[PDB]
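What follows is a single structure, written as structure tokens, with notes after it.
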Amino acid sequence: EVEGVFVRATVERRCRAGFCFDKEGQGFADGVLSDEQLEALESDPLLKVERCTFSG
Amino acid sequence: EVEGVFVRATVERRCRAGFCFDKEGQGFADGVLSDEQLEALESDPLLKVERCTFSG
Amino acid sequence: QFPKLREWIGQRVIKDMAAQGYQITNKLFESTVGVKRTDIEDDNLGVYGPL
Amino acid sequence: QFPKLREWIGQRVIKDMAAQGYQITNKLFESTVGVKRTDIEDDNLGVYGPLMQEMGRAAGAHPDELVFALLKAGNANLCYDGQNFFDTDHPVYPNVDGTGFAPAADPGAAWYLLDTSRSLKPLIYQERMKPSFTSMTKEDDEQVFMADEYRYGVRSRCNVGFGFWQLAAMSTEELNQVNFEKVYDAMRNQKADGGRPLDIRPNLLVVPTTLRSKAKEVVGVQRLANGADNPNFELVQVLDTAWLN
Amino acid sequence: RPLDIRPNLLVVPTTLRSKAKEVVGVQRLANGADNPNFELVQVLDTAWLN
């Protein structure tokens, strides 16, 4: 099981091309790959964040 | 009337077809009918709740 | 009773306490037998009267 | 442990000693109930108020549940050896040993107790009373009462625990003599590094309520189930429980 | 969670009084084998039923 999910329509910093804008991607508290890119992508939320059990 | 919907921002337990998912915001708080099943319906308001009457 | 400790899984599974009312009423349980004044006061053995 | 003291002829072998470091993480447990603030005062029989304090009773009962859940998982879970706690292929230095309804034979007088618990933090009481949370001003008049727990069991010694019984008492030669006394012999025959004994003294028998009477018959009555005999009378004292199975 | 029940009363009709006493009250049940339930539940007999 993976612990870590953000499902409150919450905002996170995801960078597409030359800018970082609101979007929900990985949104997990565990990492095995893309750690350096995840840091920029996984900036903790701006707004209310609540976690669930995807169990994927 | 519906004294409380107990829906906004919260998701409760909904046991259907043998799998108890969490969605559809079926929260309620009254003694009208299916009072015993009210426990099962409200068995997992995992997320923060925010009541708002529908005046039903 | 207070719910069993399940797990962390990040969030809290909020629970609701259970009311288990059980209504029950009362009844009446009389019984008796009819007799006669003359019979009680005229019998000699006297076993008619320990009612 | 040290190697056995060997004979001396011409020179001394400078032996070495092994190490079996065991790793196990911590888990977090919680149970909370959401209640209406107005309702707790709106009562005259003194009920619906003690329920919030009932989380203390729940937390007090929690460690037993955790330890016995780990006991149930014993067959599934792995010990320091890397095999299952109750496994028939426990790796000993020269060869492989084997210790595999819901039985378990344990020592109690040893310096270690099997299935050791971990009361890492106390049964702290978590509460949601009034102007301490947002559930009560920018929300309904809701209050939650919770008991946080940060404990976990341990698979301590898989070379002293035995399970997987057809626990029975009959004929004093085939059912008990070959299963319970078999476990007795296996536990007392355990050998450590160098071939020395572990000084295993089985004195704890843990079984669910279903096996309580039959365990009492195994330990407590001179005759087993047919009037033949009972070699295992007053050898292992059984404590009943229901948390497992 | 277990209820932690401690059954200590055995109430049976008169026709079962002897069998209940055998279950609790003697070391052997009916064939000299054993009685695991000896001195376990104190049996009280009753004749208000059946």
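Chain labels A, B, ... are given in the sequence in which chains occur in the structure tokens; within each chain residues are numbered consecutively from 1, and ligands are likewise numbered from 1 in the order shown.
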Taking a cut-off of 12 Å and counting only C-alpha atoms, can you build a table that, for each residue of chain A near chain B, reports the nearest atom pair and how far apart they are in Å (one decimal), sorted by chain then residue number, as JSON lines?
```
{"residue": "A:6", "atom": "CA", "partner": "B:47", "partner_atom": "CA", "distance": 11.8}
{"residue": "A:7", "atom": "CA", "partner": "B:47", "partner_atom": "CA", "distance": 10.3}
{"residue": "A:8", "atom": "CA", "partner": "B:9", "partner_atom": "CA", "distance": 8.0}
{"residue": "A:9", "atom": "CA", "partner": "B:9", "partner_atom": "CA", "distance": 10.4}
{"residue": "A:48", "atom": "CA", "partner": "B:9", "partner_atom": "CA", "distance": 10.2}
{"residue": "A:49", "atom": "CA", "partner": "B:47", "partner_atom": "CA", "distance": 10.0}
{"residue": "A:50", "atom": "CA", "partner": "B:47", "partner_atom": "CA", "distance": 7.1}
{"residue": "A:51", "atom": "CA", "partner": "B:47", "partner_atom": "CA", "distance": 8.7}
{"residue": "A:52", "atom": "CA", "partner": "B:46", "partner_atom": "CA", "distance": 8.8}
{"residue": "A:53", "atom": "CA", "partner": "B:22", "partner_atom": "CA", "distance": 10.8}
{"residue": "A:54", "atom": "CA", "partner": "B:21", "partner_atom": "CA", "distance": 11.5}
```
- Query: Among chain A, which ones does DSSP place in helix (DSSP H, G or I), written as a list in words?
  - Reply: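 These are the residues in question: residues 35, 36, 37, 38, 39, 40 and 41 of chain A.
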Filtering to N, CA and C atoms, could you give me those residues as an mmCIF file, in the first residue's frame?
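Printed below is result06.cif as written:
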```cif
data_model
loop_
_atom_site.group_PDB
_atom_site.id
_atom_site.type_symbol
_atom_site.label_atom_id
_atom_site.label_comp_id
_atom_site.auth_asym_id
_atom_site.auth_seq_id
_atom_site.Cartn_x
_atom_site.Cartn_y
_atom_site.Cartn_z
ATOM 1 N N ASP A 35 12.869 11.566 -7.743
ATOM 2 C CA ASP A 35 12.932 12.320 -6.495
ATOM 3 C C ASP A 35 13.317 13.773 -6.748
ATOM 4 N N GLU A 36 14.346 13.995 -7.570
ATOM 5 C CA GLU A 36 14.790 15.360 -7.840
ATOM 6 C C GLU A 36 13.695 16.168 -8.525
ATOM 7 N N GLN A 37 12.989 15.558 -9.479
ATOM 8 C CA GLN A 37 11.863 16.234 -10.113
ATOM 9 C C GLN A 37 10.639 16.250 -9.208
ATOM 10 N N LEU A 38 10.468 15.220 -8.377
ATOM 11 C CA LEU A 38 9.323 15.186 -7.475
ATOM 12 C C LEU A 38 9.366 16.347 -6.491
ATOM 13 N N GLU A 39 10.555 16.673 -5.978
ATOM 14 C CA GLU A 39 10.678 17.783 -5.036
ATOM 15 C C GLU A 39 10.024 19.044 -5.592
ATOM 16 N N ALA A 40 10.372 19.413 -6.826
ATOM 17 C CA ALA A 40 9.714 20.548 -7.463
ATOM 18 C C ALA A 40 8.235 20.261 -7.693
ATOM 19 N N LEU A 41 7.910 19.035 -8.108
ATOM 20 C CA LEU A 41 6.525 18.667 -8.372
ATOM 21 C C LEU A 41 5.720 18.416 -7.103
#
```
- Task: Would you kindly return, as a PyMOL selection string, each protein, DNA or RNA residue with an atom no farther than 7 Å from any atom of range 4-13 of chain E, considering only C-alpha atoms and excluding same-chain residues fewer than 3 positions away?
- Result: chain E and resi 16-17+41-47+49-50
- Task: With a cut-off of 6 Å and counting only C-alpha atoms, select all residues of chain B in contact with chain C and give the selection as an MDAnalysis selection string.
- Result: chainID B and resid 43:46
Restrict the calculation to only C-alpha atoms, then for each residue of chain C with any atom at most 10 Å from an atom of chain E give the closest atom pair and their distance in Å to one decimal, rows by chain and rising residue number, as CSV.
```
residue,atom,partner,partner_atom,distance
C:1,CA,E:1,CA,9.6
C:3,CA,E:1,CA,9.2
C:4,CA,E:1,CA,7.4
```
Using only C-alpha atoms, please write the residues we just selected to a file, as a PDB file, in the first residue's frame.
```pdb
ATOM      1  CA  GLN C   1     -18.876   0.648  23.215  1.00  0.00           C
ATOM      2  CA  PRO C   3     -14.721   1.528  18.576  1.00  0.00           C
ATOM      3  CA  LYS C   4     -11.715  -0.755  18.253  1.00  0.00           C
TER       4      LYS C   4
END
```
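Atom pair CA of residue 56 in chain D / CA of residue 36 in chain D has a distance of 19.5 Å (rounded to one decimal).
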- Task: Report, to one decimal in Å, the C-alpha RMSD of chain A against chain B after an in-order least-squares superposition over all those atoms.
- Result: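 The C-alpha RMSD comes to 1.9 Å.
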- May I have the residues within 8 Å of residue 213 in chain D as a list in words, using only C-alpha atoms and disregarding those fewer than 4 positions away in the same chain? residues 217 of chain D; 36 and 37 of chain E
Please produce an output containing N, CA, C and O atoms for each residue in the selection, written as a PDB file, in the first residue's frame.
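After the write, again-v9.pdb holds the following:
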```pdb
ATOM      1  N   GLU D 217      -7.631 -30.436  30.346  1.00  0.00           N
ATOM      2  CA  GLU D 217      -7.531 -31.889  30.433  1.00  0.00           C
ATOM      3  C   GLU D 217      -6.093 -32.350  30.238  1.00  0.00           C
ATOM      4  O   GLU D 217      -5.619 -33.251  30.939  1.00  0.00           O
TER       5      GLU D 217
ATOM      6  N   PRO E  36     -14.126 -33.142  31.708  1.00  0.00           N
ATOM      7  CA  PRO E  36     -13.423 -31.849  31.671  1.00  0.00           C
ATOM      8  C   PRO E  36     -14.174 -30.730  32.363  1.00  0.00           C
ATOM      9  O   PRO E  36     -13.559 -29.716  32.715  1.00  0.00           O
ATOM     10  N   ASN E  37     -15.481 -30.877  32.568  1.00  0.00           N
ATOM     11  CA  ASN E  37     -16.319 -29.814  33.102  1.00  0.00           C
ATOM     12  C   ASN E  37     -16.594 -29.970  34.591  1.00  0.00           C
ATOM     13  O   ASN E  37     -17.442 -29.254  35.131  1.00  0.00           O
TER      14      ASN E  37
END
```
With a cut-off of 9 Å, could you pull out the residues of chain D touching chain B and give me the nearest pair of atoms for each, distance in Å to one decimal, using only C-alpha atoms, ordered by chain and ascending number, as JSON lines?
```
{"residue": "D:135", "atom": "CA", "partner": "B:49", "partner_atom": "CA", "distance": 8.0}
{"residue": "D:138", "atom": "CA", "partner": "B:50", "partner_atom": "CA", "distance": 8.2}
{"residue": "D:139", "atom": "CA", "partner": "B:50", "partner_atom": "CA", "distance": 5.3}
{"residue": "D:140", "atom": "CA", "partner": "B:51", "partner_atom": "CA", "distance": 6.0}
```
